[PDB]
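Asks: Structure provided below as structure tokens; questions to follow.
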RNA sequence: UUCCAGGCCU
Ligand SMILES: [Mg+2]
Ligand SMILES: [Zn+2]
Ligand SMILES: [Zn+2]
């Protein structure tokens, strides 16, 4: 229930934006969780704080 | 100086344990017994609950389940047929023991339900059976469940024969111990070691009761298994000793039923 | 139908337990035709072995002077060509020919291997599978 | 020494304070 | 499943008499296959076990916690302070005969979660039945008896 | 942790001290010295992402500070206490993790993606989502009969309310082939 | 759901003689007894003991599959000796051992004392 | 693409699979549940007339 | 969520021992590890049982009808 | 269903409990696992239809596949991990057990084989009885390396008239291999013959394994004391093999190896160094772990894990990468705020020195992540485009 | 039925 309350949906172009987005960024350190993301589909597009 | 083969040597005793050194037998046997003790020794425990009223927080079956684990007496048992074999349409004092149970939250301060509170209603026929084995300090044993102000719980339990094969509740066992050749002169294992087998792997209390290795000597390839250090515990229902004789017995009977079949089997034919 | 098919005695050139805890492939020379070498693994848990030891290596496919299932004991009385200590039994795969005439046959026992060398195993050593091995001392 | 350094184990107490106030839903709420 | 993406469905259940056992009496409530380790390299699984086998003996809430000063050595030394193998392993006896197990076993508690998704809410079988209207073909979903 | 060299006696250091701490656990005890104070007391800052671009942070507070004196053969192997330009410091690294992850025992010991799975299955397991299910007519939900709090845990769980509302039980697990089932 | 009935582990339902013996033909004088509603508990032990009768050529057993409480026992014997008998013997043999063992455990016990 | 190249069908079943080392390579343990659900039209023949009436 | 009658692993009763434990703590003031050893919980199978249980029941009992 | 053999016809064997309990070897062809995987199954309806499944779709048939003129099924895991152990010269089995083992093989001529050791106590060897499953006319020859008709290390494999003459048995022999005992049997005997073979092999080894036992547990991941320290330097030494080559480039003294930036030509040497190390660092502990080690035993049978695995567990993880370019400076000439600008050193480009046995560091961790996230990323596309391409 | 949404198949 918690994990859901602190979650993030991030829109995309139209079809899987394979590159820039979905990857785990440096600027992500400390803010977003590095391991917790949905397998496949909206992978790396939806984030957990 | 007496007795055929298999021979015990009770190391210690306790109302709840029987550390004994059963020696000179086939490991097969030692285990075959062990097993019997665990799951086939007849017992007695609730197996039917009749919820009339329940305001608890533990929904019916939750409680109904525990009620079955609640160890009940069974010193006799052998004089209380399996409801199934009996002829009474369903059950009777001939096959089962009935208990009651009611609780209300008078103490506006957590009223507790204990196994002690069960109440044998059916004729005990006069025989140690159905008494909520208690090993509690204050004599309450097995906290069934709790309740608040106007919480009420009305039940009706019906304990029958049964054995661990049908469900654990009929387990007089608890947990047996087993070990042999405390040094491994047989090599039944291949100790996993980083460096020193003898270092990393702890030795056993049982090393003493058996001559240590002795490097010199070659390897015994005729080595067999004698002396087995068991420790039959118990839960109550049956005295730690019975959980052993009845084990020695239950098994035994079966081992005979085989002959029984070898006989009945022959008589037949034209 | 039952006779020996080779007798001799050798001396351990060395024993080897490479990565094995109960087996050692060993080898020795002959106390006869110096051309008779020998190779053989051995359950060293049943019959230990040390450098240089005279072990009578006999071989033949038979019982005792006098295919099919394997009776178990009973023979405690029966004929006992076991007048030895070690008595393995397997088969012979290849019959190599180390030039000259110094043929060398390889025999294995359900797992352990063995190889000989020389030439006077002529009319005695058959290409058969059967072949109980033996040792002593 | 009400002003000595601060070993690791300590920080926990700090983080405790955090949530004590904040809350695992801090964001969503505020 | 464990807490290391260690999924798994039961295969069969047994009772003590059949389960393998450690002289102490103790027996597993779960028997996971050794193979699901080397390829996943979920060592932390193993570590959680060694740590819990300790804190379960001393009753000291095992600290897994992200980055910290613990070590297998660190533990294997305490787990050794209780008498059991320093790495966790323990000999066990083949529940059928009682014969030992030439091998030992990494035997210690591990936290496991029962995920919803139980066989029975799935086993679905249809031999003809409910048929759609526009299509006249079987209907979607087991809930509706489709094919 | 704002870590300015505001220390005459020495070098650079946390604008917070063992005192600040006890002063906190003070309130922890009687359930006075807030977090908000730790803020206004210019002791710690809310480092934006952008802003972060212009700072330097010490991982482990202490460790990455004093001088020197053979490391421990059991421990891992961490980089040194380079520079001193440090501006701030990390509360604890374990905080990069989000709920899910934080419940994973020793995540710093698994194949990176493994910790992702656990981040999904915990969201599929059972438990005791709340203690009022008795009065919730939510369409569907399951509660584990006798939930057990885990043995191995994270300092993180403490705040995630776990030992109080677990999602499983510690079962005596035997790793080994047997019947082959 | 599809779970069988617990008791089906020991109650022979609708005619199922415990024993059942079909003559193994693969090899001379040797048979295969099918023990219904039983297991290792009983099996292994009758295997062991049976494996003492010097007049027993072959003896081994096996549980067909965990789901089913049963096991086939195969016994071969020195001709002229009906394996059936060897089972009877190795059988009683167990009881005799047991009996003694029961006795002796009761002996040792009736010579004990402790407070707990 | 979704109705003619691939339809939904009768006489089909699905469940969670769990490996067994006591089966023959080519067998498949079917749960009794499904065994009683899935049928097979069999013609009555003076071959099975017997067995068949039994089943019926 | 109420004590667990008996131990999953081995079975050895544990439904009674509850109240005694909580006491050998708040009162007798002991350390879990021993507390348990005190009440007869030798090997961990039983140990983990108690040491881990979370008596939610209380929190539940604090509601209403 | 992308394989021809992703749908084979099996025999019904109605059983209890709600699961499709299918045999193991036919696991791989369906791409099936048990961690919550389901399977559909249809029922033929006409005498000729079934005929069509039975005569063309039977598993015994699909056994040897044309998409690679080799068998697609074959022994795995427990049976494979076990088959190995069963074999090994160093492994013997006395009577009692052997008698049981014999019995378990459904067929068995019911005629006990001669113990290769009648010597003091009659013994039998894995290889020996394991062959009671192996038919006749079955001939096999291998030769791995030091194989030599009298193969020492049990290299190679030699089976005759259906009896294991020498050499251990594993994935190479029993596997879905090409010259596989399995591939042979099918041909030389029949789809049927071989089909039942998995059965005997399985049931025997499987049963034998039941007792010999087997497992894995941290103790298997800790490499020998010195063999690790010896590594921590095998590491640092490469660092300073970089520190050097680094400044050497911070001086403007390096051949831009035709067609590569000073930058490019630089990193290249760096990377090559780390992995160069990392790997050996691994192997070190590799042939360092005795055979008794479990995690190895499996890797040897070929049932699970490989070099790399043990490497990242017992030795050193490696340099995480995103697009072949080690963790970048998306953080303005640095990897994290935990780094001083313009830091091209490995402790900042994503090189994890620690082993899984020791565990990463907040950095080692986060970089390992970014690297990981990349997997999941394409795994999520390298699957879509795949499926498409397939149809 | 339909329409959108989310989820699960290491
Ligand atoms: Mg799956
Ligand atoms: Zn009655
Ligand atoms: Zn227990």
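Asks: Return yes when residue F:13 is part of a loop (DSSP other than H, G, I, E, B), more than 21 Å from residue J:370 (Cβ to Cβ) and touching a strand residue (DSSP E or B) at 6+ places or on another chain (Cβ under 8 Å) and no when it is not.
Replies: Numbers: part of a loop (DSSP other than H, G, I, E, B): yes; more than 21 Å from residue J:370 (Cβ to Cβ): yes; touching a strand residue (DSSP E or B) at 6+ places or on another chain (Cβ under 8 Å): no.
No, not satisfied.
Asks: Specify the residue that is farthest from the other protein chains (Cβ to nearest Cβ); the eligible residues are those in the range F:150-161 that are surrounded by fewer than 21 Cβ atoms within 10 Å (Cβ to Cβ) and part of a loop (DSSP other than H, G, I, E, B).
Replies: Per the criteria, the residue is F:161.
Asks: In addition: Residue E:144 versus (1) in contact with a strand residue (DSSP E or B) (Cβ under 9 Å, 6 or more places away or on another chain); (2) loosely packed, with under 14 Cβ neighbours inside 10 Å; (3) more than 8 Å from every other protein chain (Cβ to nearest Cβ): which is the lone unmet condition?
Replies: (1)
Asks: Can you confirm whether the range B:116-123 contains a residue that is within 14 Å of another protein chain (Cβ to nearest Cβ), assigned to a helix (DSSP H, G or I), away from ligand 1 (no atom under 16 Å from the Cβ) and more than 21 Å from residue I:7 (Cα to Cα)? Explain how you work it out, then say what you get.
Replies: So the first thing to find is which residues in the range B:116-123 are within 14 Å of another protein chain (Cβ to nearest Cβ), and the list is B:116-118.
Going one step further and asking which of them are assigned to a helix (DSSP H, G or I), we end up with B:116-117.
Still in the list and also away from ligand 1 (no atom under 16 Å from the Cβ): B:116-117.
Remaining after also requiring more than 21 Å from residue I:7 (Cα to Cα): B:117.
Yes, some residue in the range B:116-123 is within 14 Å of another protein chain (Cβ to nearest Cβ), assigned to a helix (DSSP H, G or I), away from ligand 1 (no atom under 16 Å from the Cβ) and more than 21 Å from residue I:7 (Cα to Cα).
Asks: With respect to residue J:376, is the statement that it is at the interface with chain F (Cβ under 9 Å from one of its Cβ atoms), within 31 Å of the chain's Cα centre (by Cα) and part of a loop (DSSP other than H, G, I, E, B) true? Before the answer, list the steps.
Replies: Working: at the interface with chain F (Cβ under 9 Å from one of its Cβ atoms): yes; within 31 Å of the chain's Cα centre (by Cα): yes; part of a loop (DSSP other than H, G, I, E, B): no.
Here the answer is no, as residue J:376 does not meet what is asked.
Asks: Across the range J:153-162, what is the number of residues that are surrounded by fewer than 20 Cβ atoms within 10 Å (Cβ to Cβ) and under 24 Å from the mean Cα position of the chain (by Cα)?
Replies: Number of matching residues: 2.
Asks: Could you please let me know if residue J:58 is more than 16 Å from ligand 2 (Cβ to nearest atom) and either crowded, with 19+ Cβ neighbours inside 10 Å or at positive phi (or both)? Even if it seems obvious, please write down each step before you answer.
Replies: Values: more than 16 Å from ligand 2 (Cβ to nearest atom): yes; either crowded, with 19+ Cβ neighbours inside 10 Å or at positive phi (or both): yes.
Criteria met by residue J:58.
Asks: Find all pairs meeting these conditions: Cβ atoms under 6 angstrom apart; at least six residues apart or on different chains; first residue within the range I:18-34 and surrounded by fewer than 13 Cβ atoms within 10 Å (Cβ to Cβ); second residue in a helix (DSSP H, G or I).
Replies: The qualifying pairs do not exist here.
Asks: Restrict the check to the range E:84-99 and report whether at least one residue is within 9 Å of chain J (Cβ to nearest Cβ), out of contact with any strand residue (DSSP E or B) (no Cβ under 8 Å at 6 or more places or on another chain) and more than 30 Å from residue F:102 (Cα to Cα).
Replies: Initially, the range E:84-99 is screened for residues within 9 Å of chain J (Cβ to nearest Cβ), giving E:85-89, E:92, E:94, E:96-97, E:99.
Right, trim to out of contact with any strand residue (DSSP E or B) (no Cβ under 8 Å at 6 or more places or on another chain) and you get E:86, E:96-97.
From the residues that got through so far, the ones that are more than 30 Å from residue F:102 (Cα to Cα) too are E:96-97.
Yes, because at least one residue in the range E:84-99 is within 9 Å of chain J (Cβ to nearest Cβ), out of contact with any strand residue (DSSP E or B) (no Cβ under 8 Å at 6 or more places or on another chain) and more than 30 Å from residue F:102 (Cα to Cα).
Asks: Do you know which of the residues in the range G:1-26 that are within 13 Å of chain J (Cβ to nearest Cβ) and surrounded by 17 or more Cβ atoms within 10 Å (Cβ to Cβ) is nearest to residue H:34 (Cα to Cα)?
Replies: It comes out as G:2.
Asks: Taking the range B:60-79 only, how many residues are within 16 Å of ligand 2 (Cβ to nearest atom) and within 27 Å of residue I:10 (Cα to Cα)? Lay out the reasoning, then the answer.
Replies: At the first step, the residues of the range B:60-79 found to be within 16 Å of ligand 2 (Cβ to nearest atom) are B:76-79.
Those still in the list that are within 27 Å of residue I:10 (Cα to Cα) too: B:76-78.
Summing the residues that are within 16 Å of ligand 2 (Cβ to nearest atom) and within 27 Å of residue I:10 (Cα to Cα) in the range B:60-79 gives 3.
Listed here are the residues, each with its yes/no results for (1) within 14 Å of chain I (Cβ to nearest Cβ); (2) within 30 Å of the chain's Cα centre (by Cα); (3) not in a loop (DSSP other than H, G, I, E, B).
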| site | (1), (2), (3) |
| --- | --- |
| B:165 | no, yes, no |
| B:184 | no, yes, no |
| B:213 | no, no, no |
| B:220 | no, no, no |
| B:237 | yes, yes, no |
| B:240 | yes, yes, no |
| B:259 | no, yes, yes |
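Asks: When the residues of the range J:21-62 are filtered to those that are assigned to a helix (DSSP H, G or I) and within 16 Å of RNA strand K (Cβ to nearest atom), which remaining residue is farthest from residue E:10 (Cα to Cα)?
Replies: From the range J:21-62, those assigned to a helix (DSSP H, G or I) are J:27-30, J:47-57, J:59-62; that's our starting set.
Checking which are within 16 Å of RNA strand K (Cβ to nearest atom) leaves us with J:27-30.
Values: J:27: 17, J:28: 19, J:29: 22, J:30: 20 Å.
Among those that are assigned to a helix (DSSP H, G or I) and within 16 Å of RNA strand K (Cβ to nearest atom), it is J:29.
Asks: For the range I:16-32: of the residues being more than 16 Å from ligand 3 (Cβ to nearest atom) and assigned to a helix (DSSP H, G or I), which is nearest to the other protein chains (Cβ to nearest Cβ)? If you could, list the steps in order and put the result at the bottom.
Replies: So the first thing to find is which residues in the range I:16-32 are more than 16 Å from ligand 3 (Cβ to nearest atom), and the list is I:19-20, I:22-32.
Going one step further and asking which of them are assigned to a helix (DSSP H, G or I), we end up with I:19-20, I:22-26, I:32.
On the way: I:19: 7, I:20: 6, I:22: 11, I:23: 10, I:24: 11, I:25: 10, I:26: 15, I:32: 3 Å.
Taking the candidates together, the pick is I:32.
Asks: Please find, among B:60, B:76, B:47, B:16, the residue that is within 14 Å of chain E (Cβ to nearest Cβ), under 24 Å from residue B:159 (Cα atoms) and surrounded by fewer than 23 Cβ atoms within 10 Å (Cβ to Cβ). Even if it seems obvious, please write down each step before you answer.
Replies: Numbers: B:60 fails: within 14 Å of chain E (Cβ to nearest Cβ); B:76 fails: within 14 Å of chain E (Cβ to nearest Cβ); B:47 fails: within 14 Å of chain E (Cβ to nearest Cβ).
Result: B:16 is the single residue among B:60, B:76, B:47, B:16 that is within 14 Å of chain E (Cβ to nearest Cβ), under 24 Å from residue B:159 (Cα atoms) and surrounded by fewer than 23 Cβ atoms within 10 Å (Cβ to Cβ).
Asks: A further question follows. When you look at residue J:116, is it more than 16 Å from ligand 3 (Cβ to nearest atom) and either within 32 Å of the chain's Cα centre (by Cα) or surrounded by 15 or more Cβ atoms within 10 Å (Cβ to Cβ) (or both), yes or no? Please lay out each step first, then the result.
Replies: Working: more than 16 Å from ligand 3 (Cβ to nearest atom): yes; either within 32 Å of the chain's Cα centre (by Cα) or surrounded by 15 or more Cβ atoms within 10 Å (Cβ to Cβ) (or both): yes.
Against the criterion (more than 16 Å from ligand 3 (Cβ to nearest atom) and either within 32 Å of the chain's Cα centre (by Cα) or surrounded by 15 or more Cβ atoms within 10 Å (Cβ to Cβ) (or both)), residue J:116 qualifies.
Asks: Taking only the range E:1-46 into account, find how many residues are facing another protein chain (nearest Cβ under 7 Å), surrounded by fewer than 24 Cβ atoms within 10 Å (Cβ to Cβ) and assigned to a helix (DSSP H, G or I).
Replies: Number satisfying all stated conditions: 1.
Asks: Counting just the residues of the range I:36-65 that are within 11 Å of the chain's Cα centre (by Cα) and at the interface with another protein chain (Cβ under 7 Å from one of its Cβ atoms), which one comes out farthest from RNA strand K (Cβ to nearest atom)? Walk me through how you get there before you give the answer.
Replies: As a first pass, look at the range I:36-65 and keep what is within 11 Å of the chain's Cα centre (by Cα): I:36, I:39, I:41, I:46-55.
If we keep only those that are at the interface with another protein chain (Cβ under 7 Å from one of its Cβ atoms) too, we end up with I:36, I:47-48, I:51-54.
On the way: I:36: 35, I:47: 31, I:48: 26, I:51: 30, I:52: 26, I:53: 28, I:54: 26 Å.
The qualifying residue farthest from RNA strand K (Cβ to nearest atom) is I:36.
Here Cβ is always computed from backbone atoms with ideal geometry, including for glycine, and neighbour counts include all displayed protein chains. No value in this document is a laboratory result; all are computed from the given coordinates.
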